[PDB]
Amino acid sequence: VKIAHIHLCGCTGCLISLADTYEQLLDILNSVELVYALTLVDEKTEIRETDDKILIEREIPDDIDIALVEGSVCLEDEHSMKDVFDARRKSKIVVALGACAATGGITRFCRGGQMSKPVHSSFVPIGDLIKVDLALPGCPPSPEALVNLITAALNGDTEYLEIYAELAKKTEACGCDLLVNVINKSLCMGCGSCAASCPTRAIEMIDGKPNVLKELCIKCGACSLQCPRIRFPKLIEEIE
């Protein structure tokens, strides 16, 4: 299988999370072919020589099987826009890797005006422009979550991936999802697992109920993903 890591307007933390499979990363990279990742490999190098210029380009190759797309798309940046469509064109399976790619995440708060590109102000999850096959929320998703996704992708575990294939249709996320979809709907039983899930510790259990510190929420979707009162596929009931 040919996989690639496309780095849009991300922080590379999602790739680091994949690297934090530690020694097992060799088992991951040996179970696939990493055909593209600017951080890791010199691909796909093409040299264009004219009379006045030698252009050495590292391009996104064709025939990618799984694209791990990280980061949001800057609407004011033409290369950002070109890369997200190129990733979709060249990859059979597009994975919105991490909150930035899945739902915008921290880049939801971008409003431009900073040197040296002050018109860069509009960042969207990749799914606002391209079809996403699988979305992994969190900032970043855990190494374990990534391992399981890649394993399921390679092994054809459609059932395991259904929750992420469903997330792929969701481009917005907020701590208010717990409110809007669980607490407000007489579904919250106060397990508190959402609070444990939050990377920013924005969720506080008070009197058995989640309190979201909204100015601390970076819109990663991890709480919403964990809450068993939203999604609870039967596959979770299997124990050994």
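The numbering used is simple: start at 1 and walk along the sequence shown.
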*Between 114 to 122 and 156 to 164, point out the one with the higher average CA B-factor as the PDB entry records it.*
156 to 164
*Averaging only over Cα atoms, indicate whether 24 to 32 or 181 to 189 has the higher B-factor in the PDB entry.*
24 to 32
*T107 - Cα temperature factor, lowest/middle/highest third of chain*: lowest
*asked:* Taking only the Cα B-factors deposited for this chain, tell me whether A196 sits in the lowest, middle or highest third.
replied: middle
*In terms of the chain's CA B-factor thirds, is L8 lowest, middle or highest?*
lowest
*Against its chain's modelled residues, does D63's Cα B factor rank lowest, middle or highest third?*
highest
*Record-listed C-alpha B factor of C223: chain third*: middle
